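So this first bit is one chain, no partners, the form deposited in one PDB entry, shown in structure tokens.
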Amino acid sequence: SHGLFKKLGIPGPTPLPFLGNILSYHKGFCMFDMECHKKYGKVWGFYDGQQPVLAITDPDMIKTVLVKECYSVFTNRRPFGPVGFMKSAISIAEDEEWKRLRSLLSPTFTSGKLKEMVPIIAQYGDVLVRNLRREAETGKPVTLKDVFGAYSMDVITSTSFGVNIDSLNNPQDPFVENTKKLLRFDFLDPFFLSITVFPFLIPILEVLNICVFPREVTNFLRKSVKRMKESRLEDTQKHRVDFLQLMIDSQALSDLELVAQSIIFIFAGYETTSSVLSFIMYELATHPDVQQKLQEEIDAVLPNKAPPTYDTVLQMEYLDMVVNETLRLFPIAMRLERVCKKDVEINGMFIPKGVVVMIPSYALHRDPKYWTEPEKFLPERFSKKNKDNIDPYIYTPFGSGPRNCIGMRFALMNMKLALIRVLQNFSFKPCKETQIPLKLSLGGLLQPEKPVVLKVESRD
């Protein structure tokens, strides 16, 4: 297998027997992709164990894979370990099952449904502020992943199931307890590395019902969804606008498929939201001029701490620029992937069946050929004056095409609502214990080496 790219005349790091190139991951995914890009150029190949991976960087070629040939050739992501019933989660589903689920769930993420969710999301922005203000009167440094983690969970529990908890102050509520365990997978941790070198072991784990999603957590949520939905709604009169209800009414979805989506939405939104929010606040704290400009825009659109609404959020240009520039620096998916379903030739290049085609978002977001001073946090990149220069196949923090992030509008609205309420009430400033400049972890997740900690000061 390791002779493939040699045979195709494609450059890349020479693989070791059994391991392929996984020892090159010792500083994480992002640094590996940056280095390969720099030394091999537009395209290169490497091996995750025996699995060939073709990295591509040409915008026209990326469009062909993500958009033009999605349905016919590049429909699925890479399989990744024993997954059990979660095979029917939309992000993991393949081919026709994916196509169907994406159709059933599309109406659930429309702007119109999002708008109805905004009052519920906004309420936990108020909870965030009150919890935050408790520490803004203390003077003690604040760990952002913790306060934003609680915010993120609060929004998830309420918009997913109409479960309404102050998770920061209700830390061992059972619902909070379980959902908190739905963290992103570290694909460089010993378990997933072993599965990469011994992929032939996955069917053995499936037959023993061993699953990468914790059975205890998935059991709890299954029963909850069944008991919340069991007959609790035996009255009907109540309306309801959460994802469960939207999916309930869209019942078409299997009952098991329904619960698979309920879970993947928690998994998709929990740590990603709190992570991005932490990165944003770090950039704002270390760029006071940007934080001040943003607070000025917010006060202009929402005088005297007026509550944010759907339309006033969408009116905030600088807020959008700040969010987008943070996701440029910190595209937490790191890579986009599609499996090549059949031999093809795209944009002049032959790609064999079975190869994983990878779009290295992190490396493209910091590519000097597309970005001036790529390491610098510069929101004006995304101004009306400058944004037209931005290629949508180079800037891909939510992916692109039919399999892009279905939660994109929701996540952006969620984070913007949080940022607005927080910035209306507080300024965030570096600590002596603040890590400056921020360093990234060497593990398989795009996260700070040490947690972001900041001082929080009440605006009056």
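In this text, residue numbers run from 1 along the sequence as written. Whichever C-alpha set is largest while still superposing within 1.5 Å between the two forms counts as the rigid core.
Separately, the form deposited in another entry exists; it is not shown, and the next lines address it.
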C-alpha displacement of 2 Å or more between this form and the one not shown on the rigid core, among 380, 345, 216, 95:
216
Residue 285 C-alpha shift between this form and the one not shown of 2 Å or more, rigid core reference
no
Quick check: residue 443 between this form and the one not shown - does its CA shift reach 2 Å or more after fitting the rigid core?
yes
Given a superposition on the rigid core, I'd like a yes or no on whether residue 324 shifts its C-alpha by 2 Å or more between this form and the one not shown.
no
Compare the CA separation of residue 338 and residue 184 in the other entry with the one in the displayed structure, and answer closer or farther (the difference is at least 3 Å).
farther
In the other entry, the Cα separation between residue 186 and residue 406 changes by 3 Å or more relative to the shown form; did it shrink or grow?
farther
